[PDB]
């Protein structure tokens, strides 16, 4: 399907406050994909741009090579900035939808999907999350049609 639209049916957050989502997030779990392959301790960082999009810097550690790496990209809303439907673009052939489909009131925990059900992330402001938050994230993922067998639990400080 189009790499520009959300997966059909997902619950895009429609009262989004972009300022509250800025800064750094820890990747608690991801569906594994080429872009991120081999990485642990992954974080994503968002900053505002003058042009109304977001600067994205993802960082992680590759324990096979013993080195940190970083990737810088840009995200732009696909519609109104109060709707958490975006597209993100990195160097090369890494481009597609970015959608926040679950978020707590305090912007502490997020479930983010790509443009299809092969792309999903559990993110947190903290490097670890409680089992209850894990359970709820998997429950939401399942209810929205995603195959939670695809998740890998990303090593983080204290995991």
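Numbering follows the first chain given and starts at 1.
Peer 1: In the PDB record, does 28-36 or 108-116 carry the higher mean Cα temperature factor?
Peer 2: Comparing 28-36 with 108-116, the higher average CA B-factor belongs to 28-36.
Peer 1: Given the B-factors recorded for C-alpha atoms, which segment has the greater mean, 60-68 or 41-49?
Peer 2: It is 60-68.
Peer 1: Using only modelled residues of the chain, where does the Cα B factor of residue 9 rank: lowest third, middle third or highest third?
Peer 2: Tercile = highest for this residue's CA B-factor.
Peer 1: Among the modelled residues of this chain, does the Cα B factor of residue 100 put it in the lowest, middle or highest third?
Peer 2: As the PDB entry reports it, the C-alpha B-factor of residue 100 lands in the lowest third of its chain.
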